[PDB]
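Undergrad: I have a structure I would like to understand better, so I am pasting it below and will then ask my questions one at a time.
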Amino acid sequence: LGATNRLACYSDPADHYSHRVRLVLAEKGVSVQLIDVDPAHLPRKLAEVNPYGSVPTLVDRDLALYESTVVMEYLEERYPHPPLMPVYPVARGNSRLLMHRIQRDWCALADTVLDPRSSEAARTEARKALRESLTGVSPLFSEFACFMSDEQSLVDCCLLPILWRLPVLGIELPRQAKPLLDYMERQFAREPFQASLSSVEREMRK
Amino acid sequence: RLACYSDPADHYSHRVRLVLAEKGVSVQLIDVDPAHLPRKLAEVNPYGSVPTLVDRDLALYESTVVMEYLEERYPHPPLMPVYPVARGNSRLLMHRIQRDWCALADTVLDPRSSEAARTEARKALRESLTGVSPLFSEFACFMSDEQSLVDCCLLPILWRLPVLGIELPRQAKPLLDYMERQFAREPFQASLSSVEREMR
């Protein structure tokens, strides 16, 4: 009788994967009960719906979804307004490809830097590799208002939680990265990004 | 023609050959040796991965990106449910097939792996498949009554059981029944490489 019946999200307030989803929810303006989870003490209602006990986990009546991209895609399709994906197959495939490249080229490296199981070498090299990669891609931010598009999209939702975390990743971008820095300044100021932040995430910057 | 860079032995490439077969689209298949990466593939895919789909101005890779592209590009016949909830459940089940079954299949087949990891992966895979067999009685396809990208992830692993060193127990009848009809389907037969044939 106590089964889930309202939209809610099990979210680790410190975790960039959870941030992705909180950001997509904030862009959609939908009503959602955020449920903070400690990643070392999973709640019981989460375990009985996600046998991997990962977050973010999105639940609603007769619904349990996890893995951030599954969730984000569910959200884009369930709540079309406003659109965070292009509609036609070519553009849509290019946005999904770019989300996969962000995951492998950037998110993986951030995860290596943050994970206490990483060796010294691994963390340092990843941290350096991530800094050089973002520096490398920076000129592309002079070409579109968002990342590889003039439109807010799930691409941005994947990238922004990492960029928000550069200080906690021990990374600073050089002056030549102005375009990427300008993107960050614009994007962090948007109301939906400001709404996506947990308190612990706020405390990660000034 | 659309072109597809495909490793004829690789289950991930098999997924995309199978989707292409389901959609009946005319495709130039270019076989790739993982040891020797074609220049024209390097030009469009900086990771040198397969399967890779190329059209004019289009280069897609990662098997799920490619499969979803093919579902949206060539809508007939549909390989995904139309509505957001059932589609989310279909994507979730593809994720679970990936982490529970494909990852185990990958460790078995990787020549880099130690013998102990290969042994446990075989056993884990054998048991999970045997456990879900009852589900195959409830639906014509895997967790649905319509051919789907879910089956497309699953079938290349099922095909590969003998090379993985797994036989399903006689009690797994609904799963075997699913295989018996699924393997005989014209698109599935169209999907097989000469090397995949040689695995049974």
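For the structure tokens, the naming scheme is as follows: chains receive sequential letters (A, B, ...) according to their order of presentation, residues are indexed from 1 within each chain, and ligands are indexed from 1 in presentation order.
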Do you have, as a Markdown table, the list of residues of range 56-155 of chain A lying at most 10 Å from range 90-94 of chain B, each with its nearest atom pair and that distance in Å to one decimal, counting only C-alpha atoms and ordered by chain then number?

TA:
| residue | atom | partner | partner_atom | distance |
| --- | --- | --- | --- | --- |
| A:64 | CA | B:92 | CA | 9.3 |
| A:65 | CA | B:92 | CA | 6.8 |
| A:66 | CA | B:92 | CA | 7.3 |
| A:67 | CA | B:92 | CA | 7.7 |
| A:69 | CA | B:91 | CA | 9.2 |
| A:70 | CA | B:91 | CA | 6.2 |
| A:71 | CA | B:92 | CA | 8.9 |
| A:73 | CA | B:91 | CA | 9.2 |
| A:74 | CA | B:91 | CA | 9.2 |

Undergrad: Output N, CA, C and O atoms for every residue in that selection, as a PDB file, in the first residue's frame.

TA:
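Final file, result-v2.pdb:
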ATOM      1  N   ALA A  64      10.237   2.590 -12.422  1.00  0.00           N
ATOM      2  CA  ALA A  64      11.542   2.650 -11.785  1.00  0.00           C
ATOM      3  C   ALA A  64      12.601   2.649 -12.884  1.00  0.00           C
ATOM      4  O   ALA A  64      12.756   1.654 -13.583  1.00  0.00           O
ATOM      5  N   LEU A  65      13.282   3.775 -13.050  1.00  0.00           N
ATOM      6  CA  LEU A  65      14.340   3.909 -14.048  1.00  0.00           C
ATOM      7  C   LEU A  65      15.630   4.397 -13.393  1.00  0.00           C
ATOM      8  O   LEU A  65      15.612   5.217 -12.483  1.00  0.00           O
ATOM      9  N   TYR A  66      16.749   3.856 -13.855  1.00  0.00           N
ATOM     10  CA  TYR A  66      18.043   4.257 -13.419  1.00  0.00           C
ATOM     11  C   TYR A  66      18.969   4.130 -14.632  1.00  0.00           C
ATOM     12  O   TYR A  66      18.522   3.690 -15.712  1.00  0.00           O
ATOM     13  N   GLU A  67      20.245   4.457 -14.420  1.00  0.00           N
ATOM     14  CA  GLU A  67      21.190   4.802 -15.483  1.00  0.00           C
ATOM     15  C   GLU A  67      20.812   6.172 -16.048  1.00  0.00           C
ATOM     16  O   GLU A  67      19.753   6.356 -16.654  1.00  0.00           O
ATOM     17  N   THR A  69      21.327   8.158 -18.558  1.00  0.00           N
ATOM     18  CA  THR A  69      20.859   8.458 -19.911  1.00  0.00           C
ATOM     19  C   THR A  69      19.429   7.911 -20.162  1.00  0.00           C
ATOM     20  O   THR A  69      18.591   8.577 -20.781  1.00  0.00           O
ATOM     21  N   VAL A  70      19.156   6.715 -19.671  1.00  0.00           N
ATOM     22  CA  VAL A  70      17.793   6.151 -19.729  1.00  0.00           C
ATOM     23  C   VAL A  70      16.797   7.136 -19.124  1.00  0.00           C
ATOM     24  O   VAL A  70      15.729   7.431 -19.722  1.00  0.00           O
ATOM     25  N   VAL A  71      17.159   7.667 -17.944  1.00  0.00           N
ATOM     26  CA  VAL A  71      16.302   8.594 -17.220  1.00  0.00           C
ATOM     27  C   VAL A  71      16.137   9.867 -18.015  1.00  0.00           C
ATOM     28  O   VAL A  71      15.045  10.362 -18.156  1.00  0.00           O
ATOM     29  N   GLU A  73      16.500  10.452 -21.188  1.00  0.00           N
ATOM     30  CA  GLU A  73      15.718  10.224 -22.380  1.00  0.00           C
ATOM     31  C   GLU A  73      14.249  10.041 -22.018  1.00  0.00           C
ATOM     32  O   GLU A  73      13.379  10.625 -22.668  1.00  0.00           O
ATOM     33  N   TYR A  74      13.972   9.289 -20.953  1.00  0.00           N
ATOM     34  CA  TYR A  74      12.573   9.181 -20.482  1.00  0.00           C
ATOM     35  C   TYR A  74      12.012  10.586 -20.268  1.00  0.00           C
ATOM     36  O   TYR A  74      10.917  10.916 -20.739  1.00  0.00           O
TER      37      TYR A  74
END

Undergrad: Tell me the residues of chain A close to chain B, meaning within 6 Å using only C-alpha atoms, as number ranges by chain.

TA: A: 74, 77-78, 89, 93

Undergrad: List every residue of chain B that DSSP, applied to the backbone, labels as helix (DSSP H, G or I), and write the result as a ChimeraX atom specification.

TA: /B:11-23,39-42,63-73,84-109,115-137,149-159,161-164,173-184,186-191,194-197

Undergrad: Residues within 10 Å of range 100-107 of chain A, please, as number ranges by chain. Count only C-alpha atoms; anything in the same chain fewer than 5 positions from it doesn't count.

TA: A: 16-17, 69, 94-95, 112-113, 126, 129-131, 133-134, 155-156, 158-159, 161-163; B: 47, 61-62, 64-65

Undergrad: When you count only C-alpha atoms, which of these residues is closest to residue 53 in chain B: B:35, B:105, B:3, B:19?

TA: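 Ranked by minimum distance to residue 53 in chain B, first place goes to B:3.
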
Undergrad: Could you check how far CA of residue 145 in chain A sits from CA of residue 14 in chain A, in Å to one decimal?

TA: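 CA of residue 145 in chain A sits 27.6 Å away from CA of residue 14 in chain A.
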
Undergrad: In Å, with one decimal, what is the gap from CA of residue 9 in chain A to CA of residue 154 in chain A?

TA: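 Going from CA of residue 9 in chain A over to CA of residue 154 in chain A, I get 17.7 Å.
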
Undergrad: Please report the interatomic distance between CA of residue 169 in chain A and CA of residue 181 in chain A in Å with one decimal.

TA: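 We find that CA of residue 169 in chain A and CA of residue 181 in chain A lie 16.0 Å from each other.
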
Undergrad: Please run DSSP on the backbone and report, as a PyMOL selection string, all residues within chain A that come out as strand (DSSP E).

TA: chain A and resi 8-11+33-36+57-60+63-66

Undergrad: Do a neighbour search on residue 183 in chain A at 9 Å with only C-alpha atoms, toss out local chain neighbours closer than 2 positions, and write the hits as a PyMOL selection string.

TA: chain A and resi 141-142+145-147+178-181+185-188

Undergrad: Need to verify the contact set: residue 104 in chain B, 9 Å, only C-alpha atoms, exclusion of same-chain residues closer than 5 positions in sequence. Can you return it as a PyMOL selection string?

TA: chain B and resi 98-99+109+118+120-122+124-125

Undergrad: Can you tell me, as a PyMOL selection string, what residues are no more than 8 Å from range 28-32 of chain A when counting only C-alpha atoms, ignoring any on the same chain fewer than 6 positions away?

TA: chain A and resi 6-9+79+81-82

Undergrad: Only N, CA and C atoms, please: the residues just picked out, written as a short mmCIF file (atom, residue, chain, number, x, y, z; two decimals), in the first residue's frame.

TA:
data_model
loop_
_atom_site.label_atom_id
_atom_site.label_comp_id
_atom_site.auth_asym_id
_atom_site.auth_seq_id
_atom_site.Cartn_x
_atom_site.Cartn_y
_atom_site.Cartn_z
N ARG A 6 4.12 9.16 -6.64
CA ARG A 6 4.42 10.51 -7.07
C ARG A 6 5.80 10.47 -7.67
N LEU A 7 6.05 11.36 -8.62
CA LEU A 7 7.36 11.46 -9.23
C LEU A 7 8.42 11.80 -8.15
N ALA A 8 9.45 10.96 -8.04
CA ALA A 8 10.55 11.23 -7.11
C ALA A 8 11.89 10.79 -7.70
N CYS A 9 12.98 11.32 -7.15
CA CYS A 9 14.29 10.96 -7.65
C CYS A 9 15.22 10.72 -6.50
N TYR A 79 8.13 14.57 -21.07
CA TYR A 79 7.86 16.02 -20.94
C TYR A 79 8.50 16.84 -22.06
N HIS A 81 8.28 19.71 -23.37
CA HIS A 81 8.56 21.14 -23.27
C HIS A 81 9.36 21.54 -22.08
N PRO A 82 10.46 22.24 -22.33
CA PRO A 82 10.95 22.58 -23.68
C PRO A 82 11.88 21.46 -24.22
#

Undergrad: Would you mind listing what lies within 12 Å of residue 202 in chain A as a CSV table (one decimal) with N, CA, C and O atoms, in the first residue's frame, with only C-alpha atoms counted and same-chain residues fewer than 4 positions away left out?

TA:
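around12.csv written:
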chain,number,residue,atom,x,y,z
A,13,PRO,N,23.4,14.1,-3.6
A,13,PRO,CA,23.6,15.5,-3.8
A,13,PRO,C,25.0,15.9,-4.2
A,13,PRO,O,25.2,17.0,-4.7
A,14,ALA,N,26.0,15.0,-4.0
A,14,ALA,CA,27.4,15.3,-4.3
A,14,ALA,C,27.7,14.8,-5.7
A,14,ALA,O,28.8,15.2,-6.2
A,19,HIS,N,23.4,15.0,-10.5
A,19,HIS,CA,23.2,16.4,-11.0
A,19,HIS,C,22.6,16.4,-12.4
A,19,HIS,O,21.8,17.3,-12.7
A,161,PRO,N,27.6,19.6,-15.2
A,161,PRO,CA,28.0,19.1,-13.9
A,161,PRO,C,29.5,18.9,-13.7
A,161,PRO,O,30.0,19.0,-12.7
A,164,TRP,N,31.0,22.5,-13.6
A,164,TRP,CA,30.8,23.0,-12.3
A,164,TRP,C,31.8,22.6,-11.3
A,164,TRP,O,32.2,23.3,-10.3
A,165,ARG,N,32.3,21.4,-11.5
A,165,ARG,CA,33.3,20.7,-10.6
A,165,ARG,C,34.7,20.9,-10.9
A,165,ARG,O,35.6,20.3,-10.3
A,167,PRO,N,36.9,23.3,-10.0
A,167,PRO,CA,37.6,23.5,-8.8
A,167,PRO,C,37.8,22.3,-7.9
A,167,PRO,O,38.9,22.0,-7.4
A,168,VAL,N,36.8,21.4,-7.7
A,168,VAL,CA,37.0,20.2,-6.9
A,168,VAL,C,37.8,19.1,-7.5
A,168,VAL,O,38.4,18.2,-6.9
A,188,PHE,N,25.9,28.7,-15.9
A,188,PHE,CA,25.8,28.7,-14.5
A,188,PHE,C,24.7,29.7,-14.0
A,188,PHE,O,24.1,29.5,-13.0
A,193,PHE,N,19.8,26.0,-14.3
A,193,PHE,CA,21.0,25.4,-13.7
A,193,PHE,C,21.1,25.8,-12.2
A,193,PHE,O,21.4,25.0,-11.3
A,194,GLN,N,20.8,27.1,-11.8
A,194,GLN,CA,20.8,27.5,-10.4
A,194,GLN,C,19.8,26.6,-9.6
A,194,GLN,O,20.2,26.2,-8.5
A,195,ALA,N,18.7,26.2,-10.2
A,195,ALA,CA,17.7,25.3,-9.5
A,195,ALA,C,18.1,23.9,-9.3
A,195,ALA,O,17.6,23.2,-8.5
A,196,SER,N,19.1,23.4,-10.1
A,196,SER,CA,19.5,22.0,-10.2
A,196,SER,C,20.4,21.7,-9.0
A,196,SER,O,20.6,20.6,-8.6
A,197,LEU,N,21.1,22.8,-8.5
A,197,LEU,CA,22.2,22.6,-7.5
A,197,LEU,C,21.7,22.2,-6.1
A,197,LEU,O,20.8,22.8,-5.6
A,198,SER,N,22.3,21.2,-5.6
A,198,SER,CA,22.1,20.8,-4.2
A,198,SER,C,23.0,21.8,-3.4
A,198,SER,O,23.9,22.5,-3.9
A,206,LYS,N,33.0,29.2,-4.7
A,206,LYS,CA,32.8,30.4,-3.9
A,206,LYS,C,31.6,30.5,-3.0
A,206,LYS,O,31.0,31.6,-2.8
